Amino acid sequence: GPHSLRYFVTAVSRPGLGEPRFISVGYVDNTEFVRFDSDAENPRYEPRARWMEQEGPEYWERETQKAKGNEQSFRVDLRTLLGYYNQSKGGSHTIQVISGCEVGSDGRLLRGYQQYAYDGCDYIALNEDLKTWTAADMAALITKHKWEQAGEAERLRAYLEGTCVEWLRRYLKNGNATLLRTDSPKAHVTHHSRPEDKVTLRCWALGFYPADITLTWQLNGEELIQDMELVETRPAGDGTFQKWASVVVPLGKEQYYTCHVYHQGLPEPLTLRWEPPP
Amino acid sequence: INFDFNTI
Amino acid sequence: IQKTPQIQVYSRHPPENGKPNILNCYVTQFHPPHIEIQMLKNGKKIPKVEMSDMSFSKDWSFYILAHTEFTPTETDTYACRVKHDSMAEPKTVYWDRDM
């Protein structure tokens, strides 16, 4: 299937608290593999996956220097944006970028990214044509014109279609065996009291990876897509994820309900019911 | 590897 | 616009009284990135609480996982208190061992 190399980059200004904090994080197929943080004792791009450890010293030097250059650009961007939005020099502000490429099974580029946000809102983004820009407001129109006047889309296009794709291929070769990790959910139902003649049945899915999962409750063939409570999928902290979905049912009718768990690691979706303790 | 960003 | 954090407090493994576990406080959907997270046992600040590095999602909002080692008991109360500029006061979410 498809793959992606994306860098998620942030600077946060701290007037009277020092220089802006700059963090740059790389992802292969949505998995963090590199990180740079300006607040580290000695700021360097670091491996965040073991398969990256085989990249030699010159790789780390070059990319550390690139990050330091991007840090400078972001520092400048922040001062510039302060003027564009006529904001006071004393406030804290954030700039964020998502940059990179998505490639299909056949190695062709599906999508190239270059999106900017100022203070958590869209600023400017490269269009799917890889030639033009969408500016979110008046201020971003200044940048749109500047980058048109610099041919920025062409320099960016060469990176996206060339450099990004080539490096993604290399990273995938080194990381395939690790990135392919799949952990199927292990599921169970818990039983909890509700006022009067009702009980809560909670279907748990634990230990799974990737995080993508669906949990459903059925009463006699019908999916209860109205009264089911569910939590956002959440990290266990150990590389695996957790989710639950619960339903309120009549006391004594617990065996009339079934939970189903859908995951990519499951050949057949799981079916389970409340079982009272052994 | 990342892109060398321009300034806004 | 500033985004208000969403908070989940939960254990890494199903809780069993007297057994060493890890308590998590997962905080999502906040902007700006500046955030203060405390974990509380019976209303008192817990000293060793580790924080994941901060990351952001495609909607630009930040997320982070705080965690501490703990051994649940029948009567001990745990909570996560989050202070963020999007909120007028610090938000305290209690651990429910059923959730």
# chains A, B, ... in the order shown; residues from 1 in each chain; ligands from 1
$ closest_atom_pairs --of "chain A" --to "chain B" --cutoff "9 Å" --atoms "only C-alpha atoms" --output "tab-separated table"
residue	atom	partner	partner_atom	distance
A:5	CA	B:1	CA	8.6
A:6	CA	B:2	CA	8.0
A:7	CA	B:2	CA	6.5
A:26	CA	B:2	CA	7.9
A:63	CA	B:1	CA	7.0
A:66	CA	B:4	CA	6.5
A:67	CA	B:4	CA	8.2
A:69	CA	B:4	CA	7.4
A:70	CA	B:5	CA	5.8
A:73	CA	B:7	CA	5.4
A:74	CA	B:7	CA	7.2
A:76	CA	B:7	CA	7.0
A:77	CA	B:8	CA	5.7
A:80	CA	B:8	CA	7.5
A:81	CA	B:8	CA	8.2
A:99	CA	B:3	CA	7.6
A:100	CA	B:2	CA	7.6
A:140	CA	B:8	CA	8.3
A:142	CA	B:8	CA	8.3
A:143	CA	B:8	CA	5.3
A:144	CA	B:8	CA	8.5
A:146	CA	B:8	CA	7.8
A:147	CA	B:8	CA	8.0
A:152	CA	B:6	CA	7.8
A:156	CA	B:3	CA	7.8
A:159	CA	B:3	CA	6.9
A:160	CA	B:3	CA	8.5
A:163	CA	B:1	CA	7.7
A:164	CA	B:1	CA	6.8
A:167	CA	B:1	CA	6.5
A:168	CA	B:1	CA	8.4
$ write_last_selection --atoms "N, CA, C and O atoms" --output "short mmCIF file (atom, residue, chain, number, x, y, z; two decimals), in the first residue's frame"
data_model
loop_
_atom_site.label_atom_id
_atom_site.label_comp_id
_atom_site.auth_asym_id
_atom_site.auth_seq_id
_atom_site.Cartn_x
_atom_site.Cartn_y
_atom_site.Cartn_z
N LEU A 5 6.65 10.08 4.08
CA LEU A 5 7.70 10.71 4.87
C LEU A 5 7.22 12.13 5.11
O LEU A 5 6.99 12.88 4.17
N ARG A 6 7.05 12.50 6.38
CA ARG A 6 6.55 13.83 6.74
C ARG A 6 7.37 14.38 7.90
O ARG A 6 7.80 13.62 8.79
N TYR A 7 7.60 15.69 7.87
CA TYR A 7 8.26 16.39 8.97
C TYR A 7 7.28 17.39 9.54
O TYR A 7 6.67 18.16 8.79
N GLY A 26 10.52 13.90 12.44
CA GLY A 26 10.26 13.16 11.20
C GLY A 26 9.42 11.91 11.43
O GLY A 26 9.57 11.23 12.44
N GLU A 63 21.95 16.93 8.64
CA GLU A 63 20.55 17.14 8.97
C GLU A 63 20.40 18.00 10.22
O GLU A 63 19.42 18.69 10.38
N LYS A 66 20.82 21.44 8.79
CA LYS A 66 19.56 21.82 8.11
C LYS A 66 18.51 22.29 9.12
O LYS A 66 17.82 23.30 8.89
N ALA A 67 18.39 21.57 10.23
CA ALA A 67 17.43 21.92 11.27
C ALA A 67 17.76 23.28 11.88
O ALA A 67 16.87 24.08 12.11
N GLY A 69 19.32 25.69 10.40
CA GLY A 69 18.90 26.66 9.37
C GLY A 69 17.40 26.89 9.33
O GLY A 69 16.94 28.04 9.21
N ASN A 70 16.62 25.81 9.40
CA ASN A 70 15.16 25.92 9.53
C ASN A 70 14.74 26.66 10.80
O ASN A 70 13.76 27.40 10.80
N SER A 73 15.07 30.33 10.05
CA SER A 73 13.95 30.74 9.22
C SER A 73 12.67 30.93 10.05
O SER A 73 11.94 31.89 9.85
N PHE A 74 12.42 29.99 10.96
CA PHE A 74 11.24 30.06 11.84
C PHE A 74 11.30 31.24 12.81
O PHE A 74 10.28 31.91 13.04
N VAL A 76 12.86 34.06 12.19
CA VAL A 76 12.53 35.18 11.29
C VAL A 76 11.04 35.24 10.95
O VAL A 76 10.44 36.33 10.99
N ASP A 77 10.45 34.09 10.61
CA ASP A 77 9.01 33.96 10.31
C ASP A 77 8.16 34.55 11.43
O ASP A 77 7.24 35.33 11.16
N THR A 80 8.38 38.32 11.58
CA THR A 80 7.63 38.79 10.41
C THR A 80 6.12 38.74 10.65
O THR A 80 5.42 39.72 10.39
N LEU A 81 5.63 37.60 11.14
CA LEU A 81 4.19 37.40 11.38
C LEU A 81 3.64 38.33 12.46
O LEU A 81 2.50 38.78 12.38
N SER A 99 5.42 19.15 6.25
CA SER A 99 6.07 19.03 4.94
C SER A 99 6.34 17.56 4.62
O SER A 99 6.62 16.76 5.51
N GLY A 100 6.24 17.19 3.34
CA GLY A 100 6.66 15.86 2.94
C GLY A 100 5.87 15.25 1.81
O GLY A 100 5.20 15.95 1.05
N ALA A 140 -1.28 36.07 4.54
CA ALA A 140 -0.68 34.96 3.79
C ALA A 140 -0.54 35.26 2.29
O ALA A 140 0.29 34.65 1.61
N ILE A 142 0.66 38.00 1.18
CA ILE A 142 2.00 38.58 1.09
C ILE A 142 3.04 37.49 0.81
O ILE A 142 3.87 37.62 -0.09
N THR A 143 2.96 36.40 1.57
CA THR A 143 3.84 35.24 1.39
C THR A 143 3.61 34.54 0.05
O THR A 143 4.57 34.12 -0.61
N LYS A 144 2.35 34.42 -0.36
CA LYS A 144 2.02 33.81 -1.65
C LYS A 144 2.74 34.52 -2.81
O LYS A 144 3.36 33.87 -3.66
N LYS A 146 5.38 36.70 -2.54
CA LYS A 146 6.82 36.55 -2.32
C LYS A 146 7.34 35.24 -2.93
O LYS A 146 8.30 35.26 -3.70
N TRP A 147 6.68 34.13 -2.59
CA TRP A 147 7.14 32.81 -3.03
C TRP A 147 6.94 32.55 -4.52
O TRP A 147 7.70 31.79 -5.13
N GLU A 152 9.58 29.66 -5.53
CA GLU A 152 9.60 28.70 -4.43
C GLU A 152 8.93 27.36 -4.70
O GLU A 152 9.39 26.32 -4.23
N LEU A 156 10.64 23.73 -4.25
CA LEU A 156 9.87 22.81 -3.41
C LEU A 156 9.42 21.55 -4.16
O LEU A 156 9.49 20.43 -3.63
N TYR A 159 12.16 18.94 -4.54
CA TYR A 159 12.33 18.22 -3.28
C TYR A 159 11.27 17.13 -3.13
O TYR A 159 11.58 15.96 -2.83
N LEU A 160 10.02 17.52 -3.34
CA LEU A 160 8.87 16.64 -3.09
C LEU A 160 8.85 15.41 -4.01
O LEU A 160 8.68 14.28 -3.53
N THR A 163 13.93 14.36 -3.95
CA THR A 163 14.59 14.11 -2.67
C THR A 163 13.71 13.34 -1.68
O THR A 163 14.14 12.33 -1.12
N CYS A 164 12.47 13.80 -1.48
CA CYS A 164 11.58 13.21 -0.46
C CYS A 164 11.29 11.73 -0.75
O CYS A 164 11.44 10.87 0.13
N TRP A 167 14.45 9.42 -0.43
CA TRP A 167 14.80 9.16 0.96
C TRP A 167 13.78 8.27 1.66
O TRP A 167 14.15 7.37 2.42
N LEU A 168 12.50 8.48 1.36
CA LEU A 168 11.45 7.59 1.86
C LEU A 168 11.76 6.13 1.51
O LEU A 168 11.65 5.25 2.37
#
$ interface_residues --of "chain A" --to "chain C" --cutoff "9 Å" --atoms "only C-alpha atoms" --output "JSON, numbers by chain"
{"A": [8, 10, 12, 23, 25, 92, 93, 94, 96, 97, 98, 117, 119, 120, 121, 122, 190, 192, 202, 206, 231, 232, 234, 235, 236, 237, 238, 242, 244]}
$ write_last_selection --atoms "C-alpha atoms" --output "mmCIF file, in the first residue's frame"
data_model
loop_
_atom_site.group_PDB
_atom_site.id
_atom_site.type_symbol
_atom_site.label_atom_id
_atom_site.label_comp_id
_atom_site.auth_asym_id
_atom_site.auth_seq_id
_atom_site.Cartn_x
_atom_site.Cartn_y
_atom_site.Cartn_z
ATOM 1 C CA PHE A 8 6.200 18.205 11.593
ATOM 2 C CA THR A 10 7.289 23.845 15.437
ATOM 3 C CA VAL A 12 7.192 28.798 19.849
ATOM 4 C CA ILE A 23 11.243 21.173 17.490
ATOM 5 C CA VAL A 25 10.110 15.616 14.122
ATOM 6 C CA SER A 92 3.935 34.071 22.787
ATOM 7 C CA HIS A 93 3.156 32.762 19.290
ATOM 8 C CA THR A 94 3.563 29.496 17.383
ATOM 9 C CA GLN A 96 3.981 25.022 12.538
ATOM 10 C CA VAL A 97 4.750 23.256 9.286
ATOM 11 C CA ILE A 98 3.836 19.883 7.904
ATOM 12 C CA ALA A 117 -0.060 27.433 10.503
ATOM 13 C CA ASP A 119 -1.080 30.326 16.215
ATOM 14 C CA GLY A 120 -2.829 27.027 15.401
ATOM 15 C CA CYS A 121 -4.706 28.275 12.311
ATOM 16 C CA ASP A 122 -3.975 27.669 8.623
ATOM 17 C CA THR A 190 -16.741 -5.853 31.917
ATOM 18 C CA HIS A 192 -20.936 -2.407 35.961
ATOM 19 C CA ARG A 202 -18.042 -2.236 28.449
ATOM 20 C CA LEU A 206 -6.171 -3.843 24.552
ATOM 21 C CA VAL A 231 -13.455 6.679 24.313
ATOM 22 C CA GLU A 232 -10.914 8.068 21.906
ATOM 23 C CA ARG A 234 -5.387 6.043 23.624
ATOM 24 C CA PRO A 235 -1.750 4.888 24.054
ATOM 25 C CA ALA A 236 -0.991 2.337 26.761
ATOM 26 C CA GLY A 237 2.497 3.905 26.911
ATOM 27 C CA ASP A 238 4.265 0.756 25.682
ATOM 28 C CA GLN A 242 -6.467 0.886 24.104
ATOM 29 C CA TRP A 244 -13.485 0.759 24.875
#
$ atom_distance --atom1 "CA of residue 240 in chain A" --atom2 "CA of residue 75 in chain C"
28.7 Å
$ select_by_dssp --residues "range 70-264 of chain A" --states "helix (DSSP H, G or I)" --output "mmCIF file with N, CA and C atoms, in the first residue's frame"
data_model
loop_
_atom_site.group_PDB
_atom_site.id
_atom_site.type_symbol
_atom_site.label_atom_id
_atom_site.label_comp_id
_atom_site.auth_asym_id
_atom_site.auth_seq_id
_atom_site.Cartn_x
_atom_site.Cartn_y
_atom_site.Cartn_z
ATOM 1 N N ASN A 70 16.619 25.812 9.399
ATOM 2 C CA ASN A 70 15.165 25.919 9.534
ATOM 3 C C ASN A 70 14.740 26.658 10.802
ATOM 4 N N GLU A 71 15.501 26.456 11.877
ATOM 5 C CA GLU A 71 15.241 27.146 13.139
ATOM 6 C C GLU A 71 15.357 28.652 12.941
ATOM 7 N N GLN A 72 16.390 29.070 12.197
ATOM 8 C CA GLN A 72 16.617 30.486 11.915
ATOM 9 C C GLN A 72 15.494 31.070 11.076
ATOM 10 N N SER A 73 15.072 30.333 10.048
ATOM 11 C CA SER A 73 13.946 30.742 9.216
ATOM 12 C C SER A 73 12.673 30.926 10.047
ATOM 13 N N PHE A 74 12.416 29.989 10.957
ATOM 14 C CA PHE A 74 11.242 30.059 11.838
ATOM 15 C C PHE A 74 11.298 31.242 12.808
ATOM 16 N N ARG A 75 12.478 31.484 13.379
ATOM 17 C CA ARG A 75 12.725 32.677 14.202
ATOM 18 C C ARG A 75 12.355 33.948 13.419
ATOM 19 N N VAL A 76 12.862 34.063 12.191
ATOM 20 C CA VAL A 76 12.530 35.176 11.292
ATOM 21 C C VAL A 76 11.036 35.241 10.948
ATOM 22 N N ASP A 77 10.451 34.085 10.610
ATOM 23 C CA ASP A 77 9.012 33.964 10.313
ATOM 24 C C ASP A 77 8.158 34.555 11.425
ATOM 25 N N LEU A 78 8.472 34.180 12.664
ATOM 26 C CA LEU A 78 7.761 34.674 13.843
ATOM 27 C C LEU A 78 7.828 36.199 13.992
ATOM 28 N N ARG A 79 9.022 36.770 13.844
ATOM 29 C CA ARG A 79 9.161 38.243 13.882
ATOM 30 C C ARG A 79 8.333 38.904 12.769
ATOM 31 N N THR A 80 8.379 38.315 11.575
ATOM 32 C CA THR A 80 7.629 38.793 10.413
ATOM 33 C C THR A 80 6.117 38.743 10.652
ATOM 34 N N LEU A 81 5.628 37.602 11.141
ATOM 35 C CA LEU A 81 4.194 37.398 11.381
ATOM 36 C C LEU A 81 3.645 38.328 12.460
ATOM 37 N N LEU A 82 4.473 38.625 13.454
ATOM 38 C CA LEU A 82 4.140 39.611 14.475
ATOM 39 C C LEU A 82 3.757 40.948 13.843
ATOM 40 N N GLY A 83 4.507 41.363 12.823
ATOM 41 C CA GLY A 83 4.197 42.580 12.071
ATOM 42 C C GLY A 83 2.970 42.466 11.183
ATOM 43 N N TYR A 84 2.827 41.337 10.484
ATOM 44 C CA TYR A 84 1.684 41.104 9.574
ATOM 45 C C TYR A 84 0.324 41.145 10.269
ATOM 46 N N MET A 138 -5.412 37.552 4.460
ATOM 47 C CA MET A 138 -4.737 38.686 3.817
ATOM 48 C C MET A 138 -3.225 38.636 4.002
ATOM 49 N N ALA A 139 -2.790 38.352 5.227
ATOM 50 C CA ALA A 139 -1.369 38.290 5.544
ATOM 51 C C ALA A 139 -0.646 37.234 4.702
ATOM 52 N N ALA A 140 -1.277 36.069 4.537
ATOM 53 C CA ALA A 140 -0.679 34.959 3.792
ATOM 54 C C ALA A 140 -0.544 35.257 2.295
ATOM 55 N N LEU A 141 -1.355 36.200 1.803
ATOM 56 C CA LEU A 141 -1.248 36.694 0.424
ATOM 57 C C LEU A 141 0.094 37.379 0.154
ATOM 58 N N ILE A 142 0.664 38.003 1.180
ATOM 59 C CA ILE A 142 2.004 38.581 1.091
ATOM 60 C C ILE A 142 3.036 37.486 0.806
ATOM 61 N N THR A 143 2.960 36.401 1.574
ATOM 62 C CA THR A 143 3.839 35.244 1.392
ATOM 63 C C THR A 143 3.612 34.544 0.047
ATOM 64 N N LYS A 144 2.351 34.416 -0.364
ATOM 65 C CA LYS A 144 2.020 33.811 -1.654
ATOM 66 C C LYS A 144 2.742 34.522 -2.806
ATOM 67 N N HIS A 145 2.671 35.856 -2.805
ATOM 68 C CA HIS A 145 3.309 36.699 -3.818
ATOM 69 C C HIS A 145 4.827 36.598 -3.745
ATOM 70 N N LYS A 146 5.376 36.696 -2.535
ATOM 71 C CA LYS A 146 6.816 36.552 -2.324
ATOM 72 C C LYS A 146 7.336 35.245 -2.926
ATOM 73 N N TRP A 147 6.680 34.134 -2.594
ATOM 74 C CA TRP A 147 7.140 32.814 -3.027
ATOM 75 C C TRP A 147 6.937 32.550 -4.520
ATOM 76 N N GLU A 148 5.905 33.163 -5.095
ATOM 77 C CA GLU A 148 5.731 33.202 -6.550
ATOM 78 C C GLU A 148 6.887 33.983 -7.197
ATOM 79 N N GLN A 149 7.269 35.098 -6.569
ATOM 80 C CA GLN A 149 8.355 35.954 -7.051
ATOM 81 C C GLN A 149 9.744 35.320 -6.865
ATOM 82 N N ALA A 150 9.818 34.266 -6.057
ATOM 83 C CA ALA A 150 11.083 33.578 -5.819
ATOM 84 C C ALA A 150 11.159 32.237 -6.548
ATOM 85 N N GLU A 152 9.578 29.659 -5.535
ATOM 86 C CA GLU A 152 9.601 28.701 -4.426
ATOM 87 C C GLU A 152 8.928 27.363 -4.700
ATOM 88 N N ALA A 153 7.833 27.393 -5.455
ATOM 89 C CA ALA A 153 7.099 26.182 -5.795
ATOM 90 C C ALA A 153 7.946 25.206 -6.614
ATOM 91 N N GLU A 154 8.854 25.735 -7.436
ATOM 92 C CA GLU A 154 9.723 24.902 -8.279
ATOM 93 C C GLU A 154 10.837 24.220 -7.472
ATOM 94 N N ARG A 155 11.497 24.985 -6.598
ATOM 95 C CA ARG A 155 12.483 24.443 -5.654
ATOM 96 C C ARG A 155 11.838 23.411 -4.728
ATOM 97 N N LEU A 156 10.637 23.726 -4.252
ATOM 98 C CA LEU A 156 9.866 22.811 -3.409
ATOM 99 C C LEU A 156 9.418 21.548 -4.158
ATOM 100 N N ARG A 157 8.980 21.728 -5.400
ATOM 101 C CA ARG A 157 8.543 20.613 -6.241
ATOM 102 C C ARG A 157 9.666 19.594 -6.462
ATOM 103 N N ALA A 158 10.869 20.086 -6.751
ATOM 104 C CA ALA A 158 12.032 19.227 -6.959
ATOM 105 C C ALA A 158 12.312 18.356 -5.729
ATOM 106 N N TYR A 159 12.160 18.945 -4.541
ATOM 107 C CA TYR A 159 12.333 18.215 -3.278
ATOM 108 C C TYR A 159 11.268 17.127 -3.128
ATOM 109 N N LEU A 160 10.016 17.515 -3.340
ATOM 110 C CA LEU A 160 8.874 16.637 -3.093
ATOM 111 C C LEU A 160 8.852 15.409 -4.006
ATOM 112 N N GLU A 161 9.058 15.638 -5.304
ATOM 113 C CA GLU A 161 9.057 14.577 -6.317
ATOM 114 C C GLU A 161 10.370 13.798 -6.369
ATOM 115 N N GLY A 162 11.450 14.425 -5.911
ATOM 116 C CA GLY A 162 12.766 13.810 -5.982
ATOM 117 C C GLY A 162 13.273 13.415 -4.615
ATOM 118 N N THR A 163 13.930 14.361 -3.954
ATOM 119 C CA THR A 163 14.591 14.112 -2.666
ATOM 120 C C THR A 163 13.707 13.338 -1.676
ATOM 121 N N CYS A 164 12.472 13.795 -1.484
ATOM 122 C CA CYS A 164 11.582 13.214 -0.463
ATOM 123 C C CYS A 164 11.292 11.735 -0.751
ATOM 124 N N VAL A 165 10.942 11.453 -2.008
ATOM 125 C CA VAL A 165 10.594 10.116 -2.461
ATOM 126 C C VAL A 165 11.795 9.178 -2.351
ATOM 127 N N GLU A 166 12.950 9.639 -2.827
ATOM 128 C CA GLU A 166 14.180 8.830 -2.776
ATOM 129 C C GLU A 166 14.556 8.459 -1.351
ATOM 130 N N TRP A 167 14.446 9.422 -0.431
ATOM 131 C CA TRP A 167 14.803 9.156 0.956
ATOM 132 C C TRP A 167 13.781 8.267 1.656
ATOM 133 N N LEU A 168 12.499 8.484 1.362
ATOM 134 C CA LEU A 168 11.449 7.592 1.856
ATOM 135 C C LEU A 168 11.764 6.127 1.511
ATOM 136 N N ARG A 169 12.149 5.876 0.260
ATOM 137 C CA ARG A 169 12.495 4.532 -0.204
ATOM 138 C C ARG A 169 13.620 3.919 0.647
ATOM 139 N N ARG A 170 14.675 4.698 0.869
ATOM 140 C CA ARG A 170 15.798 4.291 1.719
ATOM 141 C C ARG A 170 15.368 3.980 3.147
ATOM 142 N N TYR A 171 14.598 4.883 3.758
ATOM 143 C CA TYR A 171 14.100 4.666 5.122
ATOM 144 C C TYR A 171 13.240 3.392 5.226
ATOM 145 N N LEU A 172 12.347 3.195 4.258
ATOM 146 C CA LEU A 172 11.511 1.996 4.226
ATOM 147 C C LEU A 172 12.328 0.705 4.157
ATOM 148 N N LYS A 173 13.395 0.699 3.357
ATOM 149 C CA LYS A 173 14.280 -0.470 3.289
ATOM 150 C C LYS A 173 14.857 -0.795 4.665
ATOM 151 N N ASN A 174 15.315 0.228 5.377
ATOM 152 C CA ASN A 174 15.933 0.019 6.680
ATOM 153 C C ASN A 174 14.922 -0.313 7.774
ATOM 154 N N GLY A 175 13.708 0.220 7.630
ATOM 155 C CA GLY A 175 12.670 0.123 8.654
ATOM 156 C C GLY A 175 11.500 -0.822 8.416
ATOM 157 N N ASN A 176 11.412 -1.403 7.212
ATOM 158 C CA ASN A 176 10.321 -2.318 6.805
ATOM 159 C C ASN A 176 9.937 -3.322 7.895
ATOM 160 N N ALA A 177 10.899 -4.158 8.282
ATOM 161 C CA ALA A 177 10.691 -5.201 9.286
ATOM 162 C C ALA A 177 10.098 -4.679 10.594
ATOM 163 N N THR A 178 10.445 -3.445 10.955
ATOM 164 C CA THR A 178 9.952 -2.832 12.188
ATOM 165 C C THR A 178 8.601 -2.148 11.957
ATOM 166 N N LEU A 179 8.476 -1.447 10.832
ATOM 167 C CA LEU A 179 7.252 -0.704 10.520
ATOM 168 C C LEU A 179 6.056 -1.628 10.280
ATOM 169 N N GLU A 254 -28.078 -9.209 29.631
ATOM 170 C CA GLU A 254 -26.664 -9.118 29.225
ATOM 171 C C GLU A 254 -26.278 -10.031 28.057
ATOM 172 N N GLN A 255 -26.884 -11.219 27.992
ATOM 173 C CA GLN A 255 -26.559 -12.208 26.941
ATOM 174 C C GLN A 255 -27.244 -11.941 25.588
ATOM 175 N N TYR A 256 -27.991 -10.846 25.505
ATOM 176 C CA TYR A 256 -28.689 -10.480 24.287
ATOM 177 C C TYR A 256 -27.823 -9.567 23.429
#
$ residues_around --residues "residue 20 in chain C" --least-positions-apart "3" --cutoff "9 Å" --atoms "only C-alpha atoms" --output "MDAnalysis selection string"
chainID C and resid 15:17 69:72
$ atom_distance --atom1 "CA of residue 199 in chain A" --atom2 "CA of residue 211 in chain A"
28.4 Å
$ atom_distance --atom1 "CA of residue 81 in chain C" --atom2 "CA of residue 11 in chain A"
25.8 Å
$ residues_around --residues "residue 77 in chain C" --least-positions-apart "6" --cutoff "8 Å" --atoms "only C-alpha atoms" --output "ChimeraX atom specification"
/C:41-43,94-95
$ select_by_dssp --residues "range 30-65 of chain C" --states "strand (DSSP E)" --output "PyMOL selection string"
chain C and resi 30+36-41+44-45+50-51+55-56+62-65
$ residues_around --residues "residue 182 in chain A" --least-positions-apart "2" --cutoff "8 Å" --atoms "only C-alpha atoms" --output "MDAnalysis selection string"
chainID A and resid 180 184 208:210 265
$ residues_around --residues "range 36-40 of chain C" --least-positions-apart "2" --cutoff "6 Å" --atoms "only C-alpha atoms" --output "list in words"
residues 43, 44, 45, 46, 78, 79, 80, 81, 82 and 83 of chain C
$ write_last_selection --atoms "C-alpha atoms" --output "short mmCIF file (atom, residue, chain, number, x, y, z; two decimals), in the first residue's frame"
data_model
loop_
_atom_site.label_atom_id
_atom_site.label_comp_id
_atom_site.auth_asym_id
_atom_site.auth_seq_id
_atom_site.Cartn_x
_atom_site.Cartn_y
_atom_site.Cartn_z
CA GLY C 43 -5.15 15.34 46.59
CA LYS C 44 -1.35 15.55 46.98
CA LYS C 45 1.06 16.15 44.09
CA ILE C 46 2.94 13.02 42.93
CA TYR C 78 -5.83 9.39 41.77
CA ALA C 79 -6.31 12.38 39.49
CA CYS C 80 -4.68 14.43 36.77
CA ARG C 81 -4.79 18.22 36.94
CA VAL C 82 -4.15 20.21 33.79
CA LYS C 83 -3.48 23.94 33.54
#
$ residues_around --residues "residue 270 in chain A" --least-positions-apart "2" --cutoff "10 Å" --atoms "only C-alpha atoms" --output "list in words"
residues 185, 186, 187, 215, 258, 259, 260, 261, 262, 263, 266, 267, 268 and 272 of chain A
$ write_last_selection --atoms "N, CA and C atoms" --output "mmCIF file, in the first residue's frame"
data_model
loop_
_atom_site.group_PDB
_atom_site.id
_atom_site.type_symbol
_atom_site.label_atom_id
_atom_site.label_comp_id
_atom_site.auth_asym_id
_atom_site.auth_seq_id
_atom_site.Cartn_x
_atom_site.Cartn_y
_atom_site.Cartn_z
ATOM 1 N N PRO A 185 -5.789 -6.786 18.726
ATOM 2 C CA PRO A 185 -6.447 -6.544 20.006
ATOM 3 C C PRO A 185 -6.799 -7.843 20.718
ATOM 4 N N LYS A 186 -6.584 -7.836 22.025
ATOM 5 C CA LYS A 186 -7.126 -8.822 22.945
ATOM 6 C C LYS A 186 -8.304 -8.131 23.638
ATOM 7 N N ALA A 187 -9.481 -8.749 23.570
ATOM 8 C CA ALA A 187 -10.718 -8.101 24.005
ATOM 9 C C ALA A 187 -11.394 -8.807 25.186
ATOM 10 N N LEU A 215 -14.992 -0.626 17.227
ATOM 11 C CA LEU A 215 -15.733 -1.414 18.223
ATOM 12 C C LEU A 215 -17.204 -1.111 18.067
ATOM 13 N N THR A 258 -23.860 -8.425 21.862
ATOM 14 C CA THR A 258 -22.530 -8.888 21.474
ATOM 15 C C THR A 258 -21.655 -7.711 21.048
ATOM 16 N N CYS A 259 -20.384 -7.785 21.421
ATOM 17 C CA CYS A 259 -19.413 -6.789 21.005
ATOM 18 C C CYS A 259 -18.632 -7.356 19.842
ATOM 19 N N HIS A 260 -18.318 -6.485 18.890
ATOM 20 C CA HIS A 260 -17.492 -6.840 17.748
ATOM 21 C C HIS A 260 -16.318 -5.886 17.634
ATOM 22 N N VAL A 261 -15.151 -6.454 17.366
ATOM 23 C CA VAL A 261 -13.915 -5.683 17.282
ATOM 24 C C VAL A 261 -13.344 -5.838 15.870
ATOM 25 N N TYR A 262 -13.168 -4.716 15.173
ATOM 26 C CA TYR A 262 -12.622 -4.714 13.805
ATOM 27 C C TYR A 262 -11.247 -4.063 13.793
ATOM 28 N N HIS A 263 -10.279 -4.783 13.238
ATOM 29 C CA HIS A 263 -8.893 -4.340 13.194
ATOM 30 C C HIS A 263 -8.279 -4.917 11.926
ATOM 31 N N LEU A 266 -6.857 -8.501 12.492
ATOM 32 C CA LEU A 266 -7.833 -9.563 12.673
ATOM 33 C C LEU A 266 -8.335 -10.060 11.327
ATOM 34 N N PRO A 267 -8.043 -11.331 11.014
ATOM 35 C CA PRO A 267 -8.595 -12.005 9.837
ATOM 36 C C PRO A 267 -10.121 -11.957 9.875
ATOM 37 N N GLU A 268 -10.675 -12.326 11.026
ATOM 38 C CA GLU A 268 -12.100 -12.266 11.274
ATOM 39 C C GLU A 268 -12.291 -11.390 12.506
ATOM 40 N N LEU A 272 -17.758 -11.184 21.050
ATOM 41 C CA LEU A 272 -17.742 -11.562 22.456
ATOM 42 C C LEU A 272 -18.952 -11.051 23.220
#
